[PDB]
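J.: For the sequence shown, PDB author numbering assigns the number 3 to the initial residue and increments by one for each residue that follows.
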Amino acid sequence: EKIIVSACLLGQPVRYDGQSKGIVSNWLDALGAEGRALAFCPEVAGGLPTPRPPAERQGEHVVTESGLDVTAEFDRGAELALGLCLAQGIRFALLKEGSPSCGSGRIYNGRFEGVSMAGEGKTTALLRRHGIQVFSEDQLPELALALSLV
Ligand code: SF4
Ligand SMILES: [Cl-]
Ligand SMILES: [Cl-]
């Protein structure tokens, strides 16, 4: 049984600033070693480059600070994450917290002022809407338990 994981959490240099968000986790390393952790970046899958400007949700829209509307790429990325889960039989996702794509408990408030609020990214919202459970990197014990139970 496999999971989909934000590519940056696996150390891939796909974040908007070219860096990674690699986490230290013996459990996640073991899952990857078994071919069970499928790396996926919704923004790169959706056609955005690396690096790319910071973006925030404004309701259903996703925009950069200059007003460029990148919702099309964000939605494509979300739909491709769902497509990957349906094709592979995946029911769990481990996604990066705070992201306008991968956030699950919090996101930036759309005002470009470093202020977070309760909410979720576009990919997380679509996956949850289709019965896929999404956990952040702050919820590894719950994800590991959910995965082992089935
Ligand atoms: S879109 Fe998600 S997986 Fe891709 S770099 Fe941003 S937080 Fe990581
Ligand atoms: Cl950052
Ligand atoms: Cl963050």
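Even for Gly, the Cβ is constructed at its ideal location relative to N, Cα and C.
1) Can you say whether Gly123 is buried or exposed, counting buried as having 16 or more other CB atoms within 10 angstroms of its CB?
2) Entirely within the stretch 24-55 and at least 4 residues each: give me those alpha helix (DSSP H) ranges in chain order.
3) Using DSSP with H/G/I as helix, E/B as strand and the rest coil, what is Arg59?
4) To the nearest angstrom, report how far apart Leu145 and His132 are at their CA atoms.
5) Classify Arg108 as helix, strand or coil using the three-state DSSP reduction.
6) Relative to the C-alpha of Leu129, which candidate in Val152, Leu84 and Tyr18 has its C-alpha closest?
7) Spatial neighbours of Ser8 within its chain, please: C-beta separation below 6 Å, excluding the five flanking residues on both sides.
8) Leaving out the 5 sequence neighbours to the left and right, which residues in its chain are closer than 7 Å to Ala57 when beta-carbon positions are compared?
9) Can you determine whether any heavy atom of ligand 1 sits closer than 7 Å to the C-beta of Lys4, and answer yes or no?
10) Might you give, ordered along the chain, the residues of its own chain that have their beta carbon closer than 7 Å to the beta carbon of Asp19, omitting 5 neighbours on each side?
11) Give the range of the alpha helix (DSSP H) segment to which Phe76 is assigned.
12) Which value, in whole angstroms, describes the spacing of the CA atoms of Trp29 and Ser150?
T.: So, to answer that:
1) For the purposes of this step, residue 123 is taken as residue 121 along the sequence shown, with counting starting at 1. Around the C-beta of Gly123, 16 or more other C-beta atoms lie within 10 Å, and the residue is accordingly described as buried.
2) Complete alpha helix (DSSP H) runs here, min 4: 28-35 and 44-47.
3) By one-based count along the sequence shown, residue 59 stands at place 57. If DSSP states are grouped into helix, strand and coil, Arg59 belongs with the strands.
4) The sequence position of residue 145 within the sequence shown is 143, counting from 1. The sequence position of residue 132 within the sequence shown is 130, counting from 1. The alpha-carbon atoms of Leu145 and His132 are separated by roughly 18 Å.
5) Stepping through the sequence shown from its first residue, residue 108 is reached at position 106. Note: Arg108 maps to strand in three-state DSSP.
6) Here residue 129 refers to the residue found at position 127 when the sequence shown is read from its first residue. In this structure, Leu84 is the residue among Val152, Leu84 and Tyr18 with its C-alpha nearest to the C-alpha of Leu129.
7) Locating residue 8 in the sequence shown gives position 6, where the first residue counts as 1. Correct list, in chain order: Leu97, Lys98 and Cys104.
8) Reading the sequence shown from its first residue, position 55 is the one you call residue 57. Around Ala57, the same chain offers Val64, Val65, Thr66, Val72 and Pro102 as residues with beta carbons nearer than 7 Å, after the five sequence neighbours per side are excluded.
9) Here the question's residue 4 lines up with position 2 in the sequence shown. No.
10) Translated into the one-based positions of the sequence shown, residue 19 becomes position 17. Closer than 7 Å at the Cβ level, and outside the excluded window around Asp19, lie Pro53.
11) Walking along the sequence shown from the start, residue 76 turns up at place 74. In this chain, the alpha helix (DSSP H) harbouring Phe76 covers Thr73 to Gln90.
12) Taking the sequence shown and counting its residues from 1, one reaches residue 29 at position 27. Taking the sequence shown and counting its residues from 1, one reaches residue 150 at position 148. Computed Cα separation, rounded: 11 Å.
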